[PDB]
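Pasting a structure below so you can have a look.
Derivation of every value follows stated rules applied to the coordinates shown; laboratory data play no part. In this analysis, Cβ positions are derived from the backbone assuming ideal geometry, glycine residues included, and neighbour counts consider all displayed protein chains.
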Amino acid sequence: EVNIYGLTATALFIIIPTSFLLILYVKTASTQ
Amino acid sequence: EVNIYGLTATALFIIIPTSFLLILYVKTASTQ
Amino acid sequence: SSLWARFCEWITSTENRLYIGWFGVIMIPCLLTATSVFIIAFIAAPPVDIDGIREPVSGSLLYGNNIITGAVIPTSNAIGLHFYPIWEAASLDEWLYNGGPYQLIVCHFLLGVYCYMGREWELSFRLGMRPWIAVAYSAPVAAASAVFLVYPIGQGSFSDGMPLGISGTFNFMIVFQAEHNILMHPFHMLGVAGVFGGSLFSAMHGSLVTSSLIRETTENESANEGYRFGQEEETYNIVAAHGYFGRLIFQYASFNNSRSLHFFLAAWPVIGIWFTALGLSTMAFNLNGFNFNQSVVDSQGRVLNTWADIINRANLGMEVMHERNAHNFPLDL
Amino acid sequence: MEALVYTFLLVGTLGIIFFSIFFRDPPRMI
Amino acid sequence: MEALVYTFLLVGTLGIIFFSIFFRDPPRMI
Amino acid sequence: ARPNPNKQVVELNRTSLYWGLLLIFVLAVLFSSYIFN
Amino acid sequence: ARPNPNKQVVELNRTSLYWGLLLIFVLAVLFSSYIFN
Amino acid sequence: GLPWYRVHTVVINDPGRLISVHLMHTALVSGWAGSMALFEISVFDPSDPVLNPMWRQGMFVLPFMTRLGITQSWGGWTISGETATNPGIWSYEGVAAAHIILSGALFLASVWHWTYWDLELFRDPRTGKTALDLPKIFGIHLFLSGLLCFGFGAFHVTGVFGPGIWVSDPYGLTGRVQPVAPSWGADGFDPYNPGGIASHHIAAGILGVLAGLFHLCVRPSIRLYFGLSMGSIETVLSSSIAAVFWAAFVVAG
Amino acid sequence: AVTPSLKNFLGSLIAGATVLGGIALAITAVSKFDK
Amino acid sequence: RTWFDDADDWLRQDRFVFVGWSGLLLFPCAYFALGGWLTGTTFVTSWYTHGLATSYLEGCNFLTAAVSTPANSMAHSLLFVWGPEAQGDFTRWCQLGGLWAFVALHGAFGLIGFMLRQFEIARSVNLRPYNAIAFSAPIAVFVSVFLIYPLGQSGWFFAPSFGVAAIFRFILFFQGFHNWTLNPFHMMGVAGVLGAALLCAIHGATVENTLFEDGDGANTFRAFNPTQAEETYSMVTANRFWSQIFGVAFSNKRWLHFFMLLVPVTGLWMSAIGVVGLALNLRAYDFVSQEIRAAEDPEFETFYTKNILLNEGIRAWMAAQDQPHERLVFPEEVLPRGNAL
Amino acid sequence: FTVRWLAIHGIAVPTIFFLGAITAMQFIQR
Amino acid sequence: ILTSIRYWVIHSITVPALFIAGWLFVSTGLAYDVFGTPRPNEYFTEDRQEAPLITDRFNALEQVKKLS
Amino acid sequence: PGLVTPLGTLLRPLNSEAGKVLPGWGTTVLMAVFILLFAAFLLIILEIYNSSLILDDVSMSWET
Amino acid sequence: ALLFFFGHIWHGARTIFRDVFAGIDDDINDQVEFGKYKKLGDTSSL
Amino acid sequence: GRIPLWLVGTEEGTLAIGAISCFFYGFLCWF
Ligand code: CLA
Ligand code: CLA
Ligand code: CLA
Ligand SMILES: CCCCCCCCCCCCCCCCCC(=O)OC[C@H](CO[C@@H]1O[C@H](CO)[C@H](O)[C@H](O)[C@H]1O)OC(=O)CCCCCCCCCCCCCCCCC
Ligand SMILES: CCCCCCCCCCCCCCCC(=O)OC[C@H](CO[C@@H]1O[C@H](CS(=O)(=O)O)[C@@H](O)[C@H](O)[C@H]1O)OC(=O)CCCCCCCCCCCCCCC
Ligand SMILES: CCCCCCCCCCCCCCCC(=O)OC[C@H](COP(=O)(O)OC[C@@H](O)CO)OC(=O)CCCCCCCCCCCCCCC
Ligand SMILES: CCCCCCCCCCCCCCCC(=O)OC[C@H](COP(=O)(O)OC[C@@H](O)CO)OC(=O)CCCCCCCCCCCCCCC
Ligand SMILES: CC1=C(/C=C/C(C)=C/C=C/C(C)=C/C=C/C=C(C)/C=C/C=C(C)/C=C/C2=C(C)CCCC2(C)C)C(C)(C)CCC1
Ligand SMILES: CC1=C(/C=C/C(C)=C/C=C/C(C)=C/C=C/C=C(C)/C=C/C=C(C)/C=C/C2=C(C)CCCC2(C)C)C(C)(C)CCC1
Ligand SMILES: [Cl-]
Ligand SMILES: [Cl-]
Ligand SMILES: [Fe+2]
């Protein structure tokens, strides 16, 4: 049986550091 | 039965527009 | 200098951010009490006998209720109008069974909102405005006190007050229509006209002012940067807006005075809500709605039917099903 | 399980209320 | 269910490879 | 002109940040009970 | 001094963007089979 | 400083980048088409079409392929129950994979225009500004739409060169894919007559070709030109959204 | 082969044309009268 | 010069009223909706379709008069005066309930003419067209409850009749058959309506209360020049007021009036979407979880499971006289009794 | 004529007819 | 809105004419036959002691005159 | 002075006619005639589909 | 469909009102009077 | 001079009050 929690853990570990890096990149490339 | 699809839908509808607004706010408040 | 003088100067200062004043010393702790009881009782309240007929009713999130169905259950009918605090109860597993936190939260929330109205007077007087914000705030205070205090006094039980929840609000409203026929009551139609006219007048004024904003910015950036804060220039051409409205409908239904327009905005929905606030208080004392049963009669003597004679069937259907396990004697609910 | 989701959403709404009240931009003059 | 997650992760890795190759910053001179 | 003469900047202030986050959480609080059913 | 004399700026270029995103997806591709089990 | 709700207004006056985002939108729609087709194949159960039809299973984009005649998969099973030998190129999975290939191709087409947007088509040869000739563009597009409409009605519907469409028993028992005889009398407007759908596009594409060539040739009046602001571009968007939601109530009804 | 439905129908396409013609004639009767 | 020039000279000449290029629609296509509603409430019965005597001529009052919907056997015909159901016989056309289909389908163009007249004066007097986009929301409401709802639901009979005591029947119709209460789109709608009614009272009781000092007497209405370059209410003072009482407070009276524009139209559009979803009978009726738990465990009894058991009591009592074309007469044993309440 | 002439008459002309009708309804000796 | 005295021949004479016409349009009972509403002893025929029920669609002009 | 392609040389006369429009009325009255015919066509098919206009060859029986 | 109705109304407004897209001009005249100017802004016969 | 507008409005108010009083009288026991 597939995990109840596994797809949630996968999607969270995808989306959270991705958004964390996108914030910093857009803040950086805004100035220059 | 609980919507295991539904909890992922809840978490995605939380995190995606939140990150979308945070990118724009940090880009805005970077300059000023 | 003195302790009391320095304390009064601090409490009537206008530089602390959220103002306090002298009504604030009852507004702040009492509403914090009501909030701190309500958040706990919305989450982890045990089931409550609302009926006094030994049938507990689940209302909290932990016992199989979501956000819509979650509610703080009102007090049992055997408790009546008796004041029932924590210290008169036996245990906290006995206070929560007989409609505990509703009795506390309602009596806290009312004393909170009256002192909040006093605070809205007090800060206006401390700044030097004209004092009539509290008069306008008197309308939802009346609308809260009519369903939380006046109607349970009239019915003689705290059971028939409004349950503190989304799905409980509608079970208050439908049974109120069943026993009192609120739609066929002229105060309630005045309140419906109040809320619909308030929405109309808000959308109309917010259209006719936004449609006359003076161009001060470009067309790439925001249209809200044209108003620098704390200026002296009228950012909307009220002459052109009034001319547009006069061409649109009438020149003798003018309201050319901006101050007359604002008096009309302040007095339409407030007087709209005041009549429903009286209407609930009148229906609390069993002064009923209208009644057009069997009005249209033919020349023989038989009974014809109208829309009132269909609403009578719907209210019979509600009435023979509300409070299904209590009523034995054929009337007085 | 879903009760924790409900409680998290209510507490997050109250937190955004808190930060909106206290950590706003100051409405500044001329 | 999980096969779609596997395929999505592999295709996303290949997409980041594609954007890294073609949409890099130009390595510029003096 | 090879560089774009229409590169323009998005802008989103703190008031709009609070409005957007409050909108998303209020929508979540409302629809979550019906989604979980 | 009431305003902070140490307000400083974070900086993250496009090379580091690609490295971070590739790291996150490679970690996901590796651990996803063991998480799903 | 633009607000967040008008960030696509930087391509009001940049038609190559406008074509680039048209291409990217088309690629995303085709990508949804292919992915939904593959997911619906993987969920779909062909076990018994007598008591477990397609619509009990919640199947969505497969009763459009079956509607326009795609009745066979690579597994060998068909819709009515028997098996067919030759699947050909065009099975369900082949249609899905073709849409994925379209998605990738339109992606790579979308990259090229915004990389090289500054060509010399999008330039007034007369005076030297960046305009576009909207009635002639409309004549071209209406001519193309008429050609595809006429070809679809003539060949693929009536079974001249295409394989036809699903025309069924009205009592819902013995439906199959058939070439359709286009009827031209008064029964062509009865919407329970597939000959009406057949004879529709034959007239529709011809009239569209005629009107498209008409707009390629003639030029409008100054009265209607200033009255509708045809030099602007956003009047086309306002007219197109109108036509689209007029179509939507028809396809819903 | 005209049914009674089409019979009473075509009078409506007559009548709406008469209404719009009455509108247009009411425009011409006073517009070019004044100018 | 030519035609379409003197016809633009006139229709845009100014008088007391303003007829225009869409006033030529609005004034003829409306006012017959008003006349038809007044005619149906005063003179015209409803004895044949419903079974209800609902006219001023039949003893009803202003509350209980309604231009009534046609019977269910007139399924979705447009019900013209001439044609396959009335054949031009005007008395039979009024008896068959054609007046409702006159007034509704005739004033649906009245709304279009009014919004285009509102759109045309805003081009004549050169102003921004934000007054036009607000009136689209009651048009969406009118279409959603009077037009799209009876189309996909087997009859014009299942439509709110033009009256006062008939709208109440329509409200209890939704409350007892559809459970329109539990619709999140209706939650959006009541939030929009009631918040707009809030913010109207707030702005009205704020602006003329933080007012400046121009006149001499206490009658502050007599101290306003309509041709004025100054202000009339202290924005800084009201900002400090509502900032210290409530917390967040506005600072931009562009955004204030735009927010007053934006709230009730958002509420009414987000109610119209739910009325569409109810027209397709995708109602917000019972859940899964509490029902499968309450069938197992008897003593559960939430307000939810009381509202469902009350709506069943609505739907089993009102139907046998609400819709006679079903031809059903319930015995008294079948009805939800409650054991002698 | 005049548009003002028409807007004065053509609304209020059937009004007295309907008011006399309603008064006759009310004085129906039923 | 105050410019009117005008005790006028066309104005002040024709208003009671419309009033008496609206009176007689009901009191003669003509409106009942014009718009088809029943009279207080005509709701129930002796062969039909119920509300009427319009059954079929295309023959309604033949059915309502039966129901009268 | 932009970018030059063979398609840029081919399709350029299509993007050549920058704003040449007719003085006067043009084909406006004929356009109005076609619009009225299209409105009558939609009214025809709407009343057929509602069966407020019964024909001979139109069955509307869900049985063909 | 119902949402594209509103989108169409918005773009139909914003197409025609391009010149006054972001605010009225500083010099709206005295043509907002009731009966003096006998035509709403058009200059054919005043 | 003319008959004044207040004297017109008083008589219009009496015409309103009489018709509304007859409306209540026909509301009570008439149909
Ligand atoms: C055919 C569809 C279509 C197209 C091509 C456009 C195009 C445009 N609109 Mg528009 N609009 C549409 C439909 C459309 N609209 C509809 C239906 C509405 C009514 C709701 C509006 C309401 C509207 C307003 C109110 C405004 C525009 C504006 C604009 C312009 C800039 C857009 C921008 O930067 O916003 C960027 C917006 C976003 C990035 C927000 C996107 C987030 C959404 C809400 C969630 C994602 C949706 C999701 C993917 C599902 C959609 C798929 C499918 C179902 C459609 C642009 C010309 C602006 C304008 O006039 O320029 C000044 C403007 O202010 N539009
Ligand atoms: C601008 C005003 C206006 C508009 C838009 C409408 C619109 C409508 N009316 Mg209406 N009506 C009006 C004024 C108007 N009315 C007036 C003034 C009266 C009082 C006499 C009425 C009395 C009335 C009744 C009694 C009824 C309607 C009905 C209707 C509806 C259906 C009509 C139909 O099928 O005809 C369709 C008409 C056309 C398609 C127009 C024909 C155009 C074609 C293309 C012919 C081309 C023009 C033609 C050649 C004439 C030109 C003359 C030439 C010499 C220049 C429709 C919504 C019916 C209704 O309410 O439905 C229940 C109904 O029974 N109307
Ligand atoms: C609420 C209705 C409504 C409103 C207010 C508007 C408003 C507008 N539309 Mg519009 N439109 C609508 C519905 C509406 N539309 C519908 C349903 C369609 C069909 C898809 C269109 C198609 C459309 C196009 C194609 C264009 C507009 C344009 C415009 C703009 C210019 C005004 C104009 O020429 O309109 C025209 C007037 C109307 C649409 C109102 C209808 C008036 C006629 C007389 C009704 C016909 C009655 C008919 C005879 C009844 C018989 C049928 C009945 C029996 C069922 C304006 C913003 C133009 C624009 O934005 O560019 C500048 C433009 O090019 N519209
Ligand atoms: C005021 C003017 C009034 C004019 C009135 C008359 C209008 C007619 C105008 C001419 C229209 C011609 C088209 C006629 C097609 C009839 C369709 C039909 O009947 O379908 C039916 C036919 C018959 O087809 C068969 O019919 C059978 C009937 O049972 C079956 O259905 C079969 O399945 C079906 O295949 O379909 C066809 O085969 C049509 C194919 C013919 C197409 C010819 C190709 C044209 C190529 C043009 C090349 C142009 C080159 C120049 C461009 C250069 C590029 C730069
Ligand atoms: C066991 C029970 C547990 C109970 C826990 C209770 C939790 C709730 C406590 C509230 C915490 C949040 C507010 C604290 C921040 C604050 O004080 O503002 C910071 C400012 C700063 O003032 C400045 O404050 C200075 C003091 S300080 O150093 O800055 O703190 C002072 O010197 C200066 O004069 C003045 O300008 O304080 C004031 O403006 C007034 C102080 C009192 C206002 C706070 C009470 C308001 C609560 C609202 C109640 C209604 C809510 C209903 C429920 C939703
Ligand atoms: C008058 C001309 C009008 C043409 C309108 C064409 C509109 C565009 C259609 C493109 C999609 C085609 C539909 C799928 C078509 C399709 O699926 O074909 C299918 C087929 C390939 O698949 P298969 O042979 O395997 O068929 C499947 C079965 O055999 C197996 O069971 O293609 C052909 O053999 C010939 C196709 C010719 C198609 C010609 C189109 C290309 C040339 C067009 C040039 C026109 C220029 C006109 C200038 C005036
Ligand atoms: C003293 C104790 C009593 C007060 C305590 C309660 C305070 C309530 C504070 C409301 C915070 C909302 C912030 C809005 C976001 C915000 O910060 O707005 C900020 C905004 C600031 O306006 P500005 O002039 O600064 O904007 C300038 C422009 O550039 C952009 O607008 O203020 C408002 O418009 C007031 C609107 C309040 C609307 C409040 C309605 C919220 C309803 C409740 C939603 C949550 C549901 C609760 C259920 C769990
Ligand atoms: C949330 C939600 C929403 C929205 C939705 C949407 C909008 C979706 C979309 C989705 C999508 C949008 C999908 C798609 C995807 C795509 C894909 C998946 C594809 C990709 C591509 C590929 C895979 C390709 C590759 C390639 C290249 C590039 C090169 C060559 C080779 C090839 C071709 C292979 C709504 C509210 C409305 C509803 C409900 C839900
Ligand atoms: C049917 C029909 C038609 C139409 C006709 C018309 C056009 C009509 C009109 C009508 C009208 C024209 C109506 C009106 C009505 C109204 C009335 C009758 C009024 C009443 C009122 C009163 C009674 C008063 C009230 C009040 C006020 C407001 C003031 C003070 C006092 C009180 C409050 C009481 C036609 C043939 C086309 C077609 C077919 C159908
Ligand atoms: Cl009792
Ligand atoms: Cl209950
Ligand atoms: Fe205001």
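Using 1/(1 + (r/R0)^6) with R0 = 35 angstrom and r between the beta carbons of L:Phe58 and H:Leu173, what's the FRET efficiency to the nearest 0.05?
0.75
If each of H:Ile222 and C:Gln294 carries a label point 7 Å out from its Cα toward its Cβ, how far apart are those two points in nm?
Reported label-point gap for H:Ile222 and C:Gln294 is 8.1 nm.
Can you compute the modelled spin-label distance between H:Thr130 and C:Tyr252, with each label point 7 Å from Cα toward Cβ, in nm?
5.8 nm
With respect to the axis carrying E onto D, what is the closest chain E residue by Cβ position, and how many angstrom separate it from the axis?
Residue with the nearest Cβ, plus whole-Å distance, for chain E: E:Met1, 10.
Right, here's the next one. Cut-off 13 Å, label point 7 angstrom out along Cα-to-Cβ of J:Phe142: give me the residues of the range J:78-113 whose amide nitrogen falls inside.
J:103-113
Moving to a separate point now. Can you tell me, using C-alpha contacts under 8 Å and at least 6 residues apart, the relative contact order of the range J:58-199 as a whole percent?
33 percent
Now for a different question. Can you give the net charge of the other residues whose Cβ lies under 15 Å from the Cβ of J:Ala218, counting K and R as +1 and D and E as -1?
Spelling it out: positives minus negatives among the neighbours equals -1.
Taking H as built 1.01 Å from N, whose amide H comes closer than 5 Å to the amide H of C:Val72, not counting residues under 5 places away?
C:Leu164, C:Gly165
Could you compute the FRET efficiency for B:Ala29 and M:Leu10, with r as their C-beta to C-beta distance and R0 at 60 Å, rounded to 0.05?
Efficiency at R0 = 60 Å is approximately 0.75.
Taking each label point as 7 Å beyond Cα in the direction of the beta carbon, state the distances from D:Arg28 to the same residue in the other copies, shortest first, in nm.
Nearest to farthest, the other copies are at 3.2 nm.
Right, something else. At most 12 other C-beta atoms within 10 Å and a DSSP loop state: those are the exposed trypsin sites (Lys or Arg not before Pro) I care about. Give me the longest piece of chain H that has none.
Of all site-free stretches, the longest is H:130-253.
Same structure, new question: Using just the helices of chain C, give the 222 nm mean residue ellipticity in deg cm²/dmol: DSSP H runs with n ≥ 4 each add -39,500 (n - 2.57), and the total is spread over all residues, rounded to 500.
Calculated mean residue ellipticity at 222 nm is -16500 deg cm²/dmol.
Given only helices, namely DSSP H runs of n ≥ 4 each adding -39500 (n - 2.57), what is the per-residue ellipticity at 222 nm of chain L, to the nearest 500 deg cm²/dmol?
-14500 deg cm²/dmol
Still on this structure: Report, for B:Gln32, each distance to the same residue's label point in the other copies, shortest first and in nm; define the point 7 Å along Cα→Cβ.
Nearest first, the other copies' label points are 2.4 nm away.
Compute a Gaussian network model of chain C, connecting alpha carbons closer than 10 Å, and tell me which residue from C:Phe245, C:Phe285, C:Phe196 fluctuates the most.
C:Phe245
Something else about it: Can you work out which chain G residue has the shortest Cβ-to-axis distance for the rotation that carries G onto F, and give it in Å?
G:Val9, 9
Can you give the longest run of chain C that contains no trypsin sites (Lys or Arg not before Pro) sitting in a DSSP loop with at most 11 other Cβ atoms inside 10 Å?
It works out to C:55-301.
So, one more: Can you order the peptides D:12-25, J:247-260 by their average number of other Cβ atoms within 10 Å per residue, highest first?
So the peptides D:12-25, J:247-260, ranked by packing, come out J:247-260, D:12-25.
While we're on this one: Karplus couplings for the range H:167-181 from phi (6.51 cos²θ - 1.76 cosθ + 1.60, θ = phi - 60°), rounded to Hz, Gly and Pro as x?
Computed from phi, the couplings for the range H:167-181 are 10, 10, 4, x, 8, x, 10, 10, x, 7, 8, 8, x, 10, 7 Hz.
While we're here: Each residue of the range F:20-26 in turn: what ³J(HN,Hα) in whole Hz from Karplus with 6.51, -1.76, 1.60 and θ = phi - 60°, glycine and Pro shown as x?
Listing the rounded values in order: x, 5, 5, 5, 5, 6, 5 Hz.
Taking the Cα centroid of the range C:12-91 and of the range L:21-56, what is the distance between the two, rounded to the nearest whole Å?
60 Å
Another one. What does the helix-only formula give at 222 nm for chain H: each DSSP H stretch with n ≥ 4 adding -39500 (n - 2.57), the total divided by the residues, and the result rounded to the nearest 500 deg cm²/dmol?
-16500 deg cm²/dmol, from helical runs alone.
Among C:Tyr151, C:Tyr252, C:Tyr63, which one shows the highest mean-square fluctuation when chain C is modelled as a Gaussian network with alpha-carbon springs under 10 Å?
C:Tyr252
Between N:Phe21 and H:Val236, what's the calculated FRET efficiency when r is the beta-carbon distance and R0 is 22 Å? Round to 0.05.
Using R0 = 22 Å, I get an efficiency of 0.80.
Nothing charged except the Cβ atoms of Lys and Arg (+1) and of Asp and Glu (-1): what's the magnitude of the dipole of the range H:26-175 about its Cα centre? Round to the nearest 20 debye.
Roughly 480 debye, rounded to the nearest 20.
May I pose another question? Which residues' amide hydrogens lie under 5 Å from the amide hydrogen of C:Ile50, considering only partners 5 or more residues apart or on another chain, with H built in the peptide plane?
Distant-sequence amide H within range of C:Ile50: C:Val57.
If I take every Cα pair under 8 Å that is 6 or more residues apart in chain J, average their sequence separation and divide by the length, what percent do I get for the relative contact order?
17 percent
Rounded to whole Å, how close does chain A get to the rotation axis onto B by Cβ? Give me the residue too, please?
A:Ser19, 2
Filter the GluC sites (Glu not before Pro) in the range C:1-99 to those in DSSP coil with at most 10 other Cβ atoms within 10 Å of their Cβ, and list the result.
Passing sites in the range C:1-99 are C:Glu15, C:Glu88.
Oh, and also: Restricting to Cα pairs below 8 Å that are 6+ residues apart, what does the relative contact order work out to for chain H? Please round to a whole percent.
The normalised contact order for chain H reaches 18 percent.
Could you check which residue among J:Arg327, J:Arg123, J:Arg293 shows the biggest mean-square fluctuation in a GNM of chain J with a 10 Å Cα cutoff?
Checking each option, the largest mean-square fluctuation is seen for J:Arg293.
I'd like the distance between the alpha-carbon centres of the range C:100-156 and the range H:198-235, rounded to an integer number of Å.
Answer, in whole Å: 65.
Right, something else. In peptide C:259-268, how many Cβ atoms from other protein chains are near each Cβ within 10 Å, on average?
6
Measuring from a point 7 Å out along Cα→Cβ, what nm distances, shortest first, does E:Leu14 have to its partners in the other copies?
Nearest first, the other copies' label points are 4.9 nm away.
Excluding residues fewer than 8 places away in the same chain, name every one of the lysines whose C-alpha is closer than 21 Å to that of N:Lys39.
Cα-Cα hits under 21 Å: I:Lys32, I:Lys35.
Okay, moving on. Points 7 angstrom from Cα along the Cβ direction at E:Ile21 and I:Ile27: gap in nanometres?
6.5 nm
What does the net charge come to around C:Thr210 if you take all other residues with beta carbon closer than 11 Å to its beta carbon, with K and R at +1 and D and E at -1?
Spelling it out: positives minus negatives among the neighbours equals +3.
So what's the angle, to the nearest 10 degrees on a 0 to 90 scale, between helix M:28-50 and the longest Cα principal axis of chain M?
In chain M, helix M:28-50 runs at an angle near 40 degrees to the longest axis.
Apply the membrane-span-like helix rule to chain C: whole DSSP H runs, Cα extent along the own long axis of at least 30 Å, mean Kyte-Doolittle hydropathy at least 0.0. List the helices found.
Answer set is C:100-127, C:186-210, C:258-284.
Non-local amide H neighbours of J:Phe162 (under 5 Å, H modeled in plane, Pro and chain starts lacking H): which ones?
Counting only residues 5 or more places away or on other chains, the set is J:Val67.
Can you give me the span-like helices of chain J, meaning DSSP H runs with 27 Å or more of Cα extent along the axis and Kyte-Doolittle mean at or above 1.0?
In chain J, the long hydrophobic H runs are J:184-207, J:253-279.
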